[PDB]
Structures are given as structure tokens and as C-alpha cells.
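Enquirer: Residue numbers (PDB author numbering), protein chains in the order written: chain J, 830 to 995; chain Z, 830 to 995; chain F, 830 to 995.
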Amino acid sequence: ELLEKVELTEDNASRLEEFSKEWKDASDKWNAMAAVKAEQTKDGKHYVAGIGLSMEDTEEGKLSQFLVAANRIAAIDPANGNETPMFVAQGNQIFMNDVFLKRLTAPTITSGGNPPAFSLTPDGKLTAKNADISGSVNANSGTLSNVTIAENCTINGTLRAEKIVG
Amino acid sequence: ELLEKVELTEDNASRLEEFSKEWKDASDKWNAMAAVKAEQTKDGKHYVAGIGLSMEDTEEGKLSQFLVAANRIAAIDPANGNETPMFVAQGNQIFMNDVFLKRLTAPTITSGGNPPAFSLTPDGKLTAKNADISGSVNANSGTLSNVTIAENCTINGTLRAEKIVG
Amino acid sequence: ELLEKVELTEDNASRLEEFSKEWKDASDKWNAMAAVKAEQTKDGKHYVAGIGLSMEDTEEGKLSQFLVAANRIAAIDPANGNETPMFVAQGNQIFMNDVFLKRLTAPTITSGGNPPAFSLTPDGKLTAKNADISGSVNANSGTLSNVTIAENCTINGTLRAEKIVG
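1. Is it true that the CB of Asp840/F sits closer than 7 Å to the CB of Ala918/J?
2. Is the stretch 916-930 of chain J in contact with the stretch 901-915 of chain Z, if contact means three or more CB pairs nearer than 8 Å?
3. Could you tell me whether the Cβ of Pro914/Z comes closer than 7 Å to any Cβ of chain J?
4. How close, in whole Å, do the beta carbons of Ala979/J and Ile938/F come, if the pair is a contact with beta carbons under 8 Å?
5. Hey, how far is the Cα of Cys982/F from the Cα of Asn926/J?
6. Can you list, in chain order, the residues of its chain whose CB lies under 6 Å from that of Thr977/F, leaving out five sequence neighbours each side?
7. Tell me the start and end of each unbroken alpha helix (DSSP H) in the stretch 850-877 of chain F that is at least 4 residues and wholly inside, in chain order.
8. Tell me the DSSP secondary structure of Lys891/F in three-state form.
9. Could you tell me whether any Cβ in chain Z is nearer than 7 Å to the Cβ of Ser856/J?
10. Looking only at its own chain, which residues have a Cβ that is under 8 Å from the Cβ of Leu955/J, when we skip the five neighbours before and after it?
11. Under three-state DSSP, which class holds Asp840/F?
12. Taking the beta strand (DSSP E) that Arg932/F belongs to, which residues open and close that run?
13. Given that a residue counts as buried once 16 or more other Cβ atoms are within 10 Å of its Cβ, and exposed if not, what is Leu973/J?
14. For a test of the three-state rule: what should DSSP assign to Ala990/J, helix, strand or coil?
15. Taking only beta-carbon atoms, is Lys874/J less than 7 Å away from chain F?
16. What's the gap between the Cα of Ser843/J and the Cα of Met862/F?
17. To be precise: take each residue of the stretch 964-976 of chain J, compare its Cβ to all Cβ atoms of chain Z, and keep it if any distance is under 8 Å. Which residues remain?
18. Applying the 10 Å Cβ sphere with the 16-neighbour rule, what's the burial state of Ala968/J?
19. Determine whether the beta carbon atoms of residue 996/Z and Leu896/Z lie at a separation below 7 Å.
20. In terms of DSSP beta bridges, what is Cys982/J paired with?
21. Compute the Euclidean distance between the alpha carbons of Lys931/J and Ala867/Z, then round it to the nearest angstrom.
22. Compare the C-beta of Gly941/J against all C-beta atoms of chain Z and say whether one is closer than 7 Å.
23. In terms of alpha-carbon separation, which member of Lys853/F, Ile962/F and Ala878/F lies closest to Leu882/J?
24. Chain Z partners of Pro944/J, CB-CB under 8 Å?
25. Return the Cβ separation of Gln869/Z and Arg901/J in integer angstroms, given the expectation that the two are a contact with Cβ distance under 8 Å.
26. Measuring only the C-alpha atoms, how far is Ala855/Z from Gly873/Z?
27. Where DSSP assigns a beta bridge to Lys954/Z, which residues make up the other side?
28. Which term fits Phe924/J, buried or exposed, when burial requires 16 or more other beta carbons within 10 angstroms of its beta carbon?
29. With a cut-off of 7 Å, does the C-beta of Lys958/Z fall near any C-beta of chain F?
30. Work out the CA separation of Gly986/J and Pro944/Z for me, nearest whole Å.
31. Check the C-beta distance from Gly953/F over to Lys958/Z and give it rounded, since I have them as a contact under 8 Å.
32. Helix, strand or coil for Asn909/J per DSSP?
33. Please classify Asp961/Z as buried or exposed, where buried requires at least 16 neighbouring CB atoms within 10 angstroms.
34. Alpha carbons only, please: which of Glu991/J, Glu847/J and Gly995/J is nearest the one belonging to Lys992/Z?
35. Does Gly890/J come within less than 7 Å of chain Z when only Cβ atoms are used?
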């Protein structure tokens, strides 16, 4: 029964080279994705470029963090199994919901529809159903219907009506 | 020494068997990871969805692009012990900083105020405390207290004043 | 000669020592990433922490899904062949393109040009150039240069017209 162990020794030696080849392939593949994703470099010297998912602990406690320095994004929302992209590089396009603001700069503003009612052209035009002023008004031209007056009415230029009664 | 080399044979063989078992289990687990999570190999550039960073040379030089054809995200600020999510996937959640704009289409616009003030409502309404105009006007109603008729005026409808100077 | 096969067993033993070294090293690394980034363990129901691209089966077929607990992204557009620092997400700023709107809140609004030709301020003023109103107007203090008065006008206050024609 000597014949057994040596055949075994072979059943071993023969399997080791092939396993070595497989593990070498795996190690090379890890060398690939490591420079891709898992650089396994523990430092803040290169901003941890690539990708990182640090479950970092402070004196506060465990706090999650995900670090990527490459934007290169093109997203789609999955809600209801939907397939709508949202970040074409032309500065977002889904819709603007309720937004708080303190600085805006826009030439064109539209009320809505084949025709907007109250609009704000870059030319400075404005259509409205009201103009309430609690202060100064400097008007230049005008085609006006009713001007109800009961307070100071002093004139420096010209006035020419059709009927003047009083 | 009698059995030492012989026993090493079976010890090896058994250790290889178990080592191969754990390797097969783990390798199947990896086979499961890139199958769904990102991809691997040298997959062509047709759809290549999943997590992947590639450093391709350009005219300027390297380009480490990071591709994500994927879905809803939510992120928080980890700043030195901060825990407040800000833009967590609710369709432009909180607010915009200094922003330039081009065009819009909106029913309702306000100011934003505690004991508060002016707004641009869907129905043209505006209480603008200083409505300076340097061009044409088409008014169909108005109540003017202190009239400063500066240049040549005219009336098509009628004027009727209790007072008169001239 | 024969001593090669006997030597073969102990050579295999040393080779297994080396392979066990490397393999348990790698497995320990992956186990470290498991709660960090690998997420080898299952999630169950809704609990989820970390990363993973799950292409779940649905009655309609494929449903890829991605989930991030918390992150902070950099700013490089697809912009192949160009470096584009866009969407830094600093100070909650992205830059907005053409878009609709439903609800707005902005005390400060500009004309979308080098100066603000028409401006909205927390003071509530408006230096426009045309404001036509088909409804109510309440202008307290104002001047009128080239105006035609197309409907009724009544004064209960003082009247100091420059001239009267009729």
C-alpha cells in the first residue's frame, strides 16, 4: 500500500500549479480594480482619489462617509421602475420645486401658456393686473383710462381734456 | 524518521481539500459581486453600466473618468461632525445659492417674509413700492393722489376737479 | 531520483504555507471591506448600509438600483477631452439652466445682464419700462409726462393744471 501516498503526492502537486495560476489571475485582477476602485491607500494626502467608503469614527461616534473625486455622472431615477435621466451636462433638467433664494439673475420670465399673462421680458416689459405703489412713480408715456384723484394735483407741463366740469 | 514524509502527504491533501472548498465558496461570492455590483473584465464600450474608473490619456493628459449609469442617491455633510442631509433626492430639495437663470414658466412667485410684503402672483398682482417706467403704458384703471403732470398730457375720457387754477 | 517525489510533499507544504499566508491576508482585507465597502453579507428587507448595484428582477424584467448612505462629490463633467469643474456643490450651488418653476421665493431678482435693467429688491421696487394694467392700480405719488387719459377722471384735491383746452 506504498503506491498510494505518492499518487496522492501527485494529486497534490498537480492541483497546486493550476490553483496557483487561478490565484495569480485573481491577484492580477485585484491589481486592476485596486488602481480602479480599491487603492487601499490609507492617507489624506491625495484626497483618496478614485473611490472610498469610510465608516469613520469620531469622538461623536460612528459616522458614514463616501468620497469620490471624479464627477462624470449621468443619473436616472428608479422610482416606480422609472427610466428618466436627470443630469445631462446642460445644468440639470427635471423641474424646480419650491426654492428659497436670495440672489437671482435672469433675462426672461414667463407666466405660462401659448400666451403668458404676466411676463418679464429681458427688455424690461411687464404685463400685470395691478400696480400698487406706496412710494415714487416716474412714468413717461401712457394710455390710461381712470385716474381717481382726491389729493394734491399740481401741474408743470400740459393738460388738454375734452370735458372739464367743476 | 519513518512516517514524517508520509503523513505530510495526507495532511497536505486534506488541507488542500478544505482550502479549495473555501476558495470555491469565496470565488462564487465574487462571481456574485461583479455580476450585479459594477462589472469587470474588459467589457466593450457599448453599455458598460456599473461602477468603474478609467484613466485614459488625452491631449492635455490623463483623464480619470468615473462612470455611474445608476439610480437614486442621498448624501449628507460629514464636516467635522455634521449630520444634516441637504439635497437628498426629493427634486431640488432645499434651495439655491447665487444662481444665474435664463427662462422660466411659473404661476406663483412671492418675496419670502415674517411680518412680510410684495409678490408676483399668478393673477398679475404686484405691490411694487416704486414702479418706475420709462416707456409705454396701457392702464385701464388707477387712483393717483399726488399728480405731477410734467410734460404734455391729454385726456380722452374726462376730467372733473373741484379745484381749478388758471 | 525517487527522493524528488518525497521532496515534493514538503515542497508542497512550504508552498501551502505561502498560499495560506497570502490567502488569509486577502480574505482579512475583504472582510475589513465587508462592513466598510464590500457588503458581502446580505441586507434583508429595507436595511442597507454601504454600496451595491442591485439589478433586481421584476415582473417587467430588469431593475438596476443603486443606493448611497451619504457622500460628497467632485466637479468634472463628461466633457471628453476637456476639464470642466461643474457641480462643485459648494455653498449649495450647482448652476441652473433653462427650467420651469412652480414655487419661488427670492427677495432679490436681477435683469440677467451686466446691470439690472429691471430689478426686484427686498425693498420691493421695480425700474421697469412698460407696465400695462387691465385691473386695479394704486399709485400714490407719481409723475406723468406723455399721457392720454382715455376714461373718467375725478379730482377732489387741488387742481393746478398748466393749461385748459376745451
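Just so you know, even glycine gets a beta-carbon here, dropped at the ideal spot from N, CA and C.
Expert: According to the data block:
1. Walking along the first sequence from the start, residue 918/J turns up at place 89. Walking along the third sequence from the start, residue 840/F turns up at place 11. For the 7 Å CB-CB criterion, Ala918/J and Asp840/F do not form a contact.
2. No: fewer than three Cβ pairs fall under 8 Å.
3. For the purposes of this step, residue 914/Z is taken as residue 85 along the second sequence, with counting starting at 1. Judged by the 7 Å Cβ criterion, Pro914/Z is not in contact with chain J.
4. Residue numbering aside, residue 979/J sits at position 150 when the first sequence is read from its first letter. Residue numbering aside, residue 938/F sits at position 109 when the third sequence is read from its first letter. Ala979/J to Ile938/F, Cβ: 34 Å. No contact.
5. Position 153 of the third sequence, counted from the start, is the residue given in the question as residue 982/F. Position 97 of the first sequence, counted from the start, is the residue given in the question as residue 926/J. So the two alpha carbons sit approximately 45 Å from each other.
6. Working through the third sequence from its first residue, we reach residue 977/F at position 148. No residues qualify anywhere along the chain.
7. none
8. The residue you call residue 891/F lines up with position 62 of the third sequence. The answer is strand: DSSP assigns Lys891/F an E or B state.
9. Start at 1 with the first residue of the first sequence, and residue 856/J comes out as number 27. So no, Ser856/J is outside the interface.
10. For the purposes of this step, residue 955/J is taken as residue 126 along the first sequence, with counting starting at 1. Hits under 8 Å: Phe947, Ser948 and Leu949.
11. Numbered from its first residue, the third sequence carries residue 840/F at position 11. If DSSP states are grouped into helix, strand and coil, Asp840/F belongs with the helices.
12. Stepping through the third sequence from its first residue, residue 932/F is reached at position 103. Start and end: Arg932 to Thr934.
13. The sequence position of residue 973/J within the first sequence is 144, counting from 1. Buried, by the Cβ-count rule.
14. Sequence index remark: in the first sequence, residue 990/J carries index 161 (1-based). In this structure, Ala990/J counts as coil in the three-state DSSP scheme.
15. Walking along the first sequence from the start, residue 874/J turns up at place 45. No - not a single Cβ of chain F is within 7 Å of the one on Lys874/J.
16. Along the first sequence, one-based indexing puts residue 843/J at 14. Along the third sequence, one-based indexing puts residue 862/F at 33. Going from the Cα of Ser843/J to the Cα of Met862/F covers about 33 Å.
17. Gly964, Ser965, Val966, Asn967, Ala968, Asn969, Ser970, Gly971, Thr972, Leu973, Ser974, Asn975 and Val976
18. As a position in the first sequence, residue 968/J is number 139, starting the count at 1. If you draw a 10 Å sphere on the C-beta of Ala968/J, you find 16 or more other C-beta atoms in it, and that means buried.
19. Summary: the structure shown does not reach residue 996/Z, with chain Z confined to residues 830 through 995, and so no result is reported for it.
20. As a position in the first sequence, residue 982/J is number 153, starting the count at 1. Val976/Z and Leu988/F.
21. Position 102 of the first sequence, counting from 1, holds the residue named residue 931/J. Position 38 of the second sequence, counting from 1, holds the residue named residue 867/Z. Using only the alpha carbons, I get a separation of about 41 Å.
22. Residue numbering aside, residue 941/J sits at position 112 when the first sequence is read from its first letter. Yes, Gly941/J lies at the interface with chain Z (some Cβ there is under 7 Å from its Cβ).
23. Reading the first sequence from its first residue, position 53 is the one you call residue 882/J. Of the candidates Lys853/F, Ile962/F and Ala878/F, the one whose C-alpha sits nearest the C-alpha of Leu882/J is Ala878/F.
24. Along the first sequence, one-based indexing puts residue 944/J at 115. Residues of chain Z passing the Cβ test: none, with the nearest at roughly 12 Å.
25. Here residue 869/Z refers to the residue found at position 40 when the second sequence is read from its first residue. Here residue 901/J refers to the residue found at position 72 when the first sequence is read from its first residue. That pair is no contact at about 19 Å.
26. The residue labelled residue 855/Z in the question sits at position 26 within the second sequence. The residue labelled residue 873/Z in the question sits at position 44 within the second sequence. About 27 Å.
27. As a first step, residue 954/Z must be located in the second sequence, where it is residue number 125. DSSP output for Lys954/Z lists no bridge partner at all.
28. Indexing the first sequence from 1 puts residue 924/J at position 95. Residue burial annotation: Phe924/J is exposed, with fewer than 16 other C-beta atoms found within 10 angstroms of its C-beta.
29. Translated into positions along the second sequence, residue 958/Z becomes position 129. Yes, its Cβ sits closer than 7 Å to a Cβ of chain F.
30. Position 115 of the second sequence, counted from the start, is the residue given in the question as residue 944/Z. Position 157 of the first sequence, counted from the start, is the residue given in the question as residue 986/J. Distance between the alpha carbons of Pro944/Z and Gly986/J is about 41 Å.
31. Here residue 953/F refers to the residue found at position 124 when the third sequence is read from its first residue. Here residue 958/Z refers to the residue found at position 129 when the second sequence is read from its first residue. That belief holds up - the Cβ atoms of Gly953/F and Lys958/Z are roughly 4 Å apart, short of 8 Å.
32. To locate residue 909/J, count along the first sequence from 1; it is residue 80. Helix, per DSSP.
33. The count along the second sequence starts at 1 and reaches residue 961/Z at position 132. So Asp961/Z counts as buried.
34. Taking the first residue of the second sequence as position 1, residue 992/Z is located at position 163. Considering only alpha carbons, the answer is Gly995/J.
35. Stepping through the first sequence from its first residue, residue 890/J is reached at position 61. For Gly890/J, the answer is no, since every Cβ of chain Z falls outside 7 Å of its Cβ.
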